[PDB]
Structures are given as C-alpha cells and as structure tokens.
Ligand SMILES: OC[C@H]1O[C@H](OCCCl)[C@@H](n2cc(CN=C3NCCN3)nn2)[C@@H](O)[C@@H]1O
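Only one chain is shown below, in structure tokens, and it's the form deposited without the ligand.
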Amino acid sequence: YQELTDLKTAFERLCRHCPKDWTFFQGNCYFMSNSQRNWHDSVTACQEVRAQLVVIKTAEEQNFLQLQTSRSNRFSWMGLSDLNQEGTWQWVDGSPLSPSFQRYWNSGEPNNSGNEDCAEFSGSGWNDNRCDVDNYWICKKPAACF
C-alpha cells in the first residue's frame, strides 16, 4: 500500500487536460467566471460547459479555491445551499456538508434568518448570502487525458 498510493497518484496526474482558461488541480479543472450571476444561474451556467458549481470534497481543495478567489478579490458562489431554509446545508451533488467543514464559515456564519441560503467565498472564509445576489462563480469538472 506504501507505493500504491504514490504510483496511483503519479499516474492519475498524467491526465491533466483542461479547457482554455481553466486551471488544473488534483485531477480536476476549475473555471473562474468573468461575469457575475445569481446562484441558480451559476448552477446552470456551469452545466452548459459540462461542469458543476464547485463541490468541495477535501481541505486541500478548499485551500486551493480560497486562494484563487482571494487572488482576484472576488466573492464567488460554490455549489452549497440550504434551500429548505432550515440549517441543513447540502452540496449540489446531493452530499451533505460534513461536520469537519463547518470550520470554514466566517464568524457568525451561517444564519437561520434573512433568507440567505447560498454559500459564497467571502474574504478568508465562507459566508451565506441571498441567492439572488450577483457573484462570480467557480465551475469544476474532471480533468481529461486528451
């Protein structure tokens, strides 16, 4: 198992093809929008380019993403929301926000009232915001070998 991890990784890293203007990171391609849209229109905007409003699965991915948005100083949408409006945050892929990720919300975040059910990268952490607000968005999709 010692080598398997290394080799497996070294191998998966060879398939790193991403579209033009997209950035590669650990097996996936990321797209930083050039315009702004509300949450819902961002969810569909990503599907149009065969991607998905970014669903964060590891702490390393979260670090990469936060660095990207802060580099351009833009507030960006992520595929996380609580549309049932009851403290249950879920990723657009259907998975639930794991306990170990609550650490990423900025102090005071999230909030039960105010009709703010969409997560965004805001400053050095996460903020919940009105889904109708206009923000940049980040798309994510598997990297290809060709």
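Sequential numbering from 1, following the sequence displayed.
- Stretches compared: 135-143, 4-12. Higher mean C-alpha B-factor in the entry: 4-12.
- In this entry, 86-94 has the higher mean Cα B-factor, the comparison being between 46-54 and 86-94.
- In the deposited coordinates, the residue among 26, 113, 38, 68 with the greatest CA B-factor is 113.
- Annotation for residue 62: C-alpha temperature factor in the lowest third relative to the rest of the modelled chain, per the entry.
One more form of this protein, deposited with the ligand bound, exists but is not displayed; see below.
- This chain is drawn without the ligand; in the deposited bound form, the residue among 98, 113, 58, 44 with a heavy atom within 4.5 Å of it is 113.
- Residue contact check for residue 133: one or more of its heavy atoms lie within 4.5 Å of the ligand in the deposited bound form.
- The shortest heavy atom separation between residue 120 and the ligand in the deposited bound form is within 4.5 Å.
- Note that among 85-93, 105-113, 22-30, 47-55, the stretch whose heavy atoms approach the ligand to within 4.5 Å in the deposited bound form is 105-113.
- The partner is not shown here, but in the deposited bound form the stretch 55-85 reaches within 4.5 angstroms of the ligand through a heavy atom at 75 alone.
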